[PDB]
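Encoded as structure tokens, the structure appears first; notes follow it.
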């Protein structure tokens, strides 16, 4: 079956992806314009993994 | 001077401060292909920058023309270069048309700083003094040579730079004398680039058995041509093998156990992959001692195995399947016999690596496999460019062969090494049978005009294999004076000879001060006088390519020159 | 195409055009923060080695450049080069 | 007969091999390799963000070492050579020979952000500042073992004519203080099997290691494989050694009994309540060069009657009375150590008061679970004596509820008097 | 003798169960994959046997006609251990050898190669029908019906000369119902 | 829009991705807990606290993809879960041999996590890794025998597979579901 869409959950997830991307942007600007890259790497590959789950889910349905 | 052996750490810290970020790729590594030591140094360097997560690019480069091409198309975003295995012997600041006032930033203070570093990792000597002292951007990693030796040349350089009357004239004449005695030295390699990078890893604390094996490999590649340097560096490699070797003893051979040993690694050609017979037969040293290029030498080799009690069929077995009792006993058999034949320098302790159950490989065998991959792994100017592209592409086969995940590619390297050395040997016996060598008063000349395998010798490394085979054969004779040699081979497609100017060397077992390759500047001087259309853009500047019609005028002027 | 034409009927050609227009309409609307046309193999590594398989000169990316020199090799964020792996210019992993 | 030997914390012998550890602790570990006639020394660190590993060839053959945050200190016991190596290398290395009489040896060395300390088999105790300037020479009972953490120095003394004793100091940039000087130490020595004899030839005191907690309490781990911690050391008239972890007992327990042997505990650091240690397996007592991951043992107050556990278990399950006894005692001693730390030194992270509050919760919970058993046997006096121990009035309500559900109105009445007294 | 045979068998069992390259147990996997499709054999690369423990290859190459049956026996035991639950039947597995040793041309093979492992090449000129050879004979005495059995390995066998405790001069006969047989084919190589 | 091979199952890489979301115990080799006397992790898929409060060799629990990302560098060591040790795997092997019908209660991620940690954390095991690989192999072989015995009892109705791994299930899924589907289709076709 095509299962019912989690409307509210997906709204919240897309909001978090947008805000987390804007955060990673802001910190990258702060680096370009203490300076440990490792948490930024974890943030970046987190958003890649999370966006993969949403991509696989939507493409499936 | 620029970065001494004690302070490579400061240079590496500077590389990270300037040219590391999650954001952008900022570091470019130029590496001279057709150089095993530069390859291994770049591999160690790339593993370091992998672990430290520095976004970086490697470009393999054939020669100075390709350097000046690729350098001209680097963006201002690229604020560090590492030049691996070239560039020390030439004024890079002039050659790349650098102006420090075009690269300066944030000078404020009696002080300067620059938008691009150019670090030089080169073992060739003499250093160009404009790199060492003249430039504020070129940054050479030094083995100690500058501080050990070049104090007088340092003094002369700085005073002649300052010295813009009779005393003034005598002083500038004096320091011109010093610098023109320092220049016009012959070229020579004094260190292994890979051990230089290993000293950097030691300073950072990054040493491990992978990086130690790469250091061993890049260092072992010097052993054919630069045996004195290898003998300098071998004890330090022993120290590091003992320091990193694990503590278990009588260890059971297990699929996961990488064990890196010091043990007997004889001076035989690919012993553990050749047959025993072939490993004697195709060895440069064995051919030199036994004069194996003729039937009487072949008879002597048969005599040797007969006196060893080894059946010739057993000697010709592939080494894995060769008789286990003979392999256990082989050190004793060699000890009991090889002094009678003068081959006692076959005995050597070298580095052997084995990884689980897939069998042992020595550093000797491994560098032979890597060179074989560099040599043969995969309108005239366009054809030449396509050829040099093929050699650039061979670099990544040797690179990938350094990884245990791709040992089938290493096995390709082993096979190609055997067949290459067969071609070397056949061309060599052709030269010595037909006496192609001409004994000119100042140097020995050999020119390959025709025959099989001629399309291999357009590769510089394969030509240097034949050169080293011949030179080992010459060195072990007391009859011959130790003259320098020129070795050339025609490319019938480009209509150009590839020509190599080769040092002599003393016989392998004897010990004296090194003797330097003065073909580099001699070829430059003839090139400067002549109308001939010779190319001198190869990084090993004692190797050139020259149009066929120009060769005889060129060699006539060479032998009339007093520079050799 | 959402990132041999003779073999299609004209209805199929204009159908393929309209369907690509639809895919682009999705990844251009809401849900845009996910490249919906991207890969479906999970991201295993954030930094990868990539060998330049065909030459393409100097190109910028978000905060830098790549000069796609033939048979050069990078160590680089996968997300900054994925498009070129799909387009066949970069080799490894 | 007894013999003096060089000590360093958690260092190991050579044994049959050609390499050993000079020391290991919360900062890192140091190993030496008998590289023919000279020694290859490697200094390795556990925080690889702060500190970078380094190595050097040693021509003197150092056999003493001490490693802390600011630098490494080395010593050669027989010749008196010592060397100090700051880790940043901004401050210089320095080397010195300290004088030894015939047959005298350096027995231990230690370092501090403003001092370097050397003790010898004849009891001389030589102090240098961190740049090698000689500052003092004392004579004491021979310092067989020695360490420091920040400015706090803790040393163990022994001779045939003085017995086993310890000293504790806090030297500092100012207000140089001594807490206890050569007080007797309650640690157990070995019997002054052959692998044990090899180790005790290397280390006759049997002190496997000696260190400070993360909160700065002195600790020592003897031949009985029992961790001792000196509690309330800042007020010397109240100080007492706590045997906070019998590691033989806990090894026997976690292995499911069976008289389990050929598994040994090699301690590195206590942290807060959790001994970091290598668990060595086989005949030898000490680790090999590929240093295993330092497994973690939580401290266990030694109240575990082995016969009772053997009867109930014949994987081991603990009766709730024993478990609550250990819980009550462990939580009490840990809360006391945290309280003294926070009063005298204060918080170093930003959560120690929260940890102390959570721990008090566990303490009152353990008291309630023992109170329940006392009420089950209807022992009003035992239950009441337990009721006095609870710290939170809010938890003392549970004593009321239990005594109600145990149908003990006498307990309810008396506890209500305590409720009122605690409110007032 | 059978103590040493047991040790040889255990050594081969360990070779099957332990030999590993790049995270894969190639001989365990090959043995299982062969069992599923019901071919009861194992193809062994002697490079791997040499690399594992060259003493084993020394035993094998010294006298393969005694050591190959023990290797086959080891393969049977591992086959059962990896395909039949221990304490809730298969034939004797054939050992097939892959090798890269130096070839001997057919005309050079002579008395020095008798009982040695040999590698060669040629053209097959003929192939005979599938004759039947015994792997296991059920046996009994013609007079007293003493019953026994003879396991056979085909590397160079007979019936016993007289009864294993009068039974007459040549007393044993085969029982074909409980005996076991295999296909044997002759090839002529030129 | 979904590839043919992903239509009704997970790729082994997707199974790895699922398993990578599990927490795992690590020994840090960096300190991030700041003293009272700079960038923080700021995650959104998992808990941020442990990474922000690491201290070297104070063991702590983090999500496995982060633990691997740290262990790609020298900055971490991954503590093996208790089941992934020689004695525990031997106990599970004895359970498997002792109970022919049941599968032993290894955790659902066991093959995947064994693969991951043997490749990316080969130096963190207290036990010799060659024995752990051998016993993981013993377990997979025995469990595969039990799988083959189970497939003799496929039905039109249902099936029960108590302690089968996620990877073992995913390996069998495009066979068992197809055969039980076709048995259902045969059966339901017969009904009046």
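As written, the chain order gives the labels A, B, C, D, E and F, with residue 1 at the start of each chain.
Just so it is clear, a contact is a pair of C-beta atoms (placed from the backbone, for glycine too) under 8 Å apart; a residue touches a chain by one contact, two chains touch by 3 or more.
Which protein is which chain? UniProt says B = Cell division control protein 45.
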item	value
Leading chain pair when contacts are tallied as C-beta pairs	B-C
Interchain centroid distance [CA atoms averaged], subunit C/subunit E, Å	57
Gap in Å, rounded to a whole number, between the CA centres of subunit F and subunit B	48
Separation of subunit B from subunit C, taking each centre as the mean of its C-alpha atoms, in whole Å	41
Sequence positions of subunit C contacting 2 or more other chains	40, 42, 46, 63, 77
Residue numbers of subunit B (touch at least two other chains)	21-23, 53, 255
Touching two or more other chains - residues of subunit F	2, 6, 14, 17, 30, 69, 74-75, 130, 133
Which pairs of chains touch, using the document's own definition	A-B, A-C, A-F, B-C, B-D, B-E, B-F, C-F, D-F, E-F
Interfacial residue positions of subunit B with respect to subunit D in the complex	202-205, 207, 239, 242-243, 246-249
List of subunit A residues in touch with subunit B within their complex	28, 31-32, 37, 40-41, 44
Subunit F contact footprint on subunit B (complex, rising order)	51, 53, 254-256
Residue ranges of subunit F in contact with subunit E within the complex	97-98, 100, 118-119, 130, 133-134, 137, 141-142, 144-146, 149
Footprint of subunit F on subunit D - complex, ascending	26, 46-50, 268-269, 271, 274, 276, 279, 290, 292-296, 347-350
